[PDB]
Each structure stands twice: as structure tokens, then as C-alpha cells.
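One structure below.
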Amino acid sequence: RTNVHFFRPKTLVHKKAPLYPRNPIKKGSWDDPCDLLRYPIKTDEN
RNA sequence: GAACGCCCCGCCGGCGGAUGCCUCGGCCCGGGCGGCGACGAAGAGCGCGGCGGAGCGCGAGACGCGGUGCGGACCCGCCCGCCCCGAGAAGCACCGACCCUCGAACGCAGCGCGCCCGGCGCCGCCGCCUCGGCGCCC
Ligand SMILES: [Mg+2]
Ligand SMILES: [Mg+2]
Ligand SMILES: [Mg+2]
């Protein structure tokens, strides 16, 4: 034995696998073109 | 003397908000009811109307959207719109959805950043996968 310390053994780790979906329907958000842009600002400076 | 001041013989004006009458409000008693939340509550922030400050309401589907019933001429301003044996304004009741940030508040922080390309908090119960021990044995 080379190291004098005891560390936790390496053990298998699993990936997730939910039995039902937590978001069954994919809904929209704030961002989409024509909603992210509101209007232009019209001045003589502009 | 006049005038100022004071009293009222009377006629008018101010300033102030008492009195009287009125009341979509309080207070007391009795009867019901006893119905929140990780399926994200109570509370807080911000935003939403054609002209839109406050409060009510609503959530980027925002001063509301749909479905079943009922109702049957209006919609406080300016406009729009509806109008008829159904074509459908006000209003009402139940039901289905949408539901931004913070909050028990859940990737870390509170407004800035990550690991990973589905996602990514803590405790507990029951199972399951993979494992440690010079514990008791073989
Ligand atoms: Mg949306
Ligand atoms: Mg307002
Ligand atoms: Mg959070």
C-alpha cells in the first residue's frame, strides 16, 4: 500500500430516469421575434 | 368740538361652521361554516386599458381567453361595436386553461455566475443497483 489514507471506494453512479415527465407540455416564454421587439422611437434626432 | 372707543334705536354686509334634519357606515346578540401549502401557500415586487394617475382586478394568453347553461338591449367621456325568431350589448352561476421575479423557496448567488448538454437542493420510509470491514464463519 502506497498512500496511508483511507478514501471512499469507487462505486457505480446512475443517471436519472423519472417514471413520468415533470413537464409533459412544452410551453412558450417571453422571447420570440415579434414579441422581443416592441416599437421604434421616432424623433428628428433619430 | 370733532374723531377714536362703548351701547344698541333699528336696517343691511363679512368671518366662522354650531344647531336641526338626513345616512350604501359602525357596534351588540344569535345562527351557519369550518373550506390553505413543494400540484409552490400567506405575503411582497414589477408589469398589463385606444386615449390611463390612485384603488379593485388580472399575469407576456395580462383592465382578460375558452366551454356549458341562463339573460335579452345596451356599452358612465370621446370613439368603437352590437341591432334581425337568434344573428346577441349589460349581467349571473359553475367548469377548463394561462399564471413574470422574490418568498417554506429548491444548481450557487441576488441581479451576477457555474457544472452538464435531459438536467443539476435538504431530510425521512420502502425497494433496488454498486460496494467496504485484521465483525462472526467458511
Ligand atoms: Mg405564454
Ligand atoms: Mg392603475
Ligand atoms: Mg429560485
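Ordered as shown in the C-alpha cells, chains take letters A, B, and onward, while each chain numbers its residues from 1 and ligands are numbered from 1 in the order shown.
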Identify, on the basis of only C-alpha atoms (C1' of nucleotides), every residue whose closest approach to residue 68 in chain B does not exceed 12 Å; exclude the query and any residue fewer than 4 positions from it along the same chain; express the result as a PDB file with N, CA and C atoms (P, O5', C5', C4', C3', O3' and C1' of nucleotides), in the first residue's frame.
```pdb
ATOM      1  P     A B  93     -71.698  35.283 -10.138  1.00  0.00           P
ATOM      2  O5'   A B  93     -71.936  33.729  -9.979  1.00  0.00           O
ATOM      3  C5'   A B  93     -73.154  33.238  -9.453  1.00  0.00           C
ATOM      4  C4'   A B  93     -73.380  31.827  -9.898  1.00  0.00           C
ATOM      5  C3'   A B  93     -72.126  30.988 -10.042  1.00  0.00           C
ATOM      6  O3'   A B  93     -71.650  30.567  -8.783  1.00  0.00           O
ATOM      7  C1'   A B  93     -73.504  30.657 -11.914  1.00  0.00           C
ATOM      8  P     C B  94     -70.266  29.796  -8.604  1.00  0.00           P
ATOM      9  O5'   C B  94     -70.691  28.282  -8.750  1.00  0.00           O
ATOM     10  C5'   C B  94     -69.717  27.283  -8.899  1.00  0.00           C
ATOM     11  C4'   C B  94     -70.046  26.364 -10.039  1.00  0.00           C
ATOM     12  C3'   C B  94     -68.844  25.811 -10.770  1.00  0.00           C
ATOM     13  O3'   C B  94     -68.244  24.745 -10.069  1.00  0.00           O
ATOM     14  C1'   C B  94     -70.427  26.568 -12.343  1.00  0.00           C
ATOM     15  P     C B  95     -66.666  24.710  -9.845  1.00  0.00           P
ATOM     16  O5'   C B  95     -66.131  24.235 -11.258  1.00  0.00           O
ATOM     17  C5'   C B  95     -66.546  22.983 -11.777  1.00  0.00           C
ATOM     18  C4'   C B  95     -66.267  22.846 -13.249  1.00  0.00           C
ATOM     19  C3'   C B  95     -64.837  23.029 -13.709  1.00  0.00           C
ATOM     20  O3'   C B  95     -64.004  21.920 -13.438  1.00  0.00           O
ATOM     21  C1'   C B  95     -66.274  24.155 -15.185  1.00  0.00           C
ATOM     22  P     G B  96     -62.414  22.111 -13.315  1.00  0.00           P
ATOM     23  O5'   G B  96     -61.913  22.434 -14.788  1.00  0.00           O
ATOM     24  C5'   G B  96     -61.934  21.459 -15.817  1.00  0.00           C
ATOM     25  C4'   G B  96     -61.355  21.995 -17.104  1.00  0.00           C
ATOM     26  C3'   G B  96     -59.935  22.511 -17.025  1.00  0.00           C
ATOM     27  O3'   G B  96     -58.988  21.461 -17.055  1.00  0.00           O
ATOM     28  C1'   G B  96     -61.271  24.018 -18.273  1.00  0.00           C
TER      29        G B  96
END
```
Please give me, as number ranges by chain, the residues lying within 9 Å of ligand 3 when counting only C-alpha atoms (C1' of nucleotides) and all ligand atoms. B: 102, 105-106
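A distance cut-off of 12 Å from ligand 2, applied to only C-alpha atoms (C1' of nucleotides) and all ligand atoms, picks out the residues residues 47, 48, 49, 52, 53, 54, 55, 56, 57, 58 and 63 of chain B.
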Those selected residues, please, written with C-alpha atoms (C1' of nucleotides) and delivered as a PDB file, in the first residue's frame.
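Result file result_6.pdb:
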```
ATOM      1  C1'   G B  47     -45.740  44.843 -15.333  1.00  0.00           C
ATOM      2  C1'   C B  48     -50.861  44.882 -18.098  1.00  0.00           C
ATOM      3  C1'   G B  49     -56.525  49.510 -20.689  1.00  0.00           C
ATOM      4  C1'   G B  52     -54.992  55.606 -18.223  1.00  0.00           C
ATOM      5  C1'   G B  53     -52.583  58.559 -12.019  1.00  0.00           C
ATOM      6  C1'   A B  54     -54.838  56.084  -7.346  1.00  0.00           C
ATOM      7  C1'   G B  55     -57.723  51.773  -5.588  1.00  0.00           C
ATOM      8  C1'   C B  56     -60.314  46.827  -7.414  1.00  0.00           C
ATOM      9  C1'   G B  57     -58.902  43.110 -10.891  1.00  0.00           C
ATOM     10  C1'   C B  58     -55.659  40.379 -13.945  1.00  0.00           C
ATOM     11  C1'   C B  63     -58.324  46.147 -17.121  1.00  0.00           C
TER      12        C B  63
END
```
Around ligand 1, at most 12 Å away and counting only C-alpha atoms (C1' of nucleotides) and all ligand atoms, which residues are there? Put them as a VMD selection string, please. (chain A and resid 26 to 32 35) or (chain B and resid 59 to 62 97 to 100)
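Within 10 Å of chain A, counting only C-alpha atoms (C1' of nucleotides), chain B contributes residues 60, 100, 118, 119, 129, 130, 131 and 132 of chain B.
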Quick check, in Å to one decimal: how far apart do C1' of residue 134 in chain B and CA of residue 4 in chain A lie? 16.4 Å
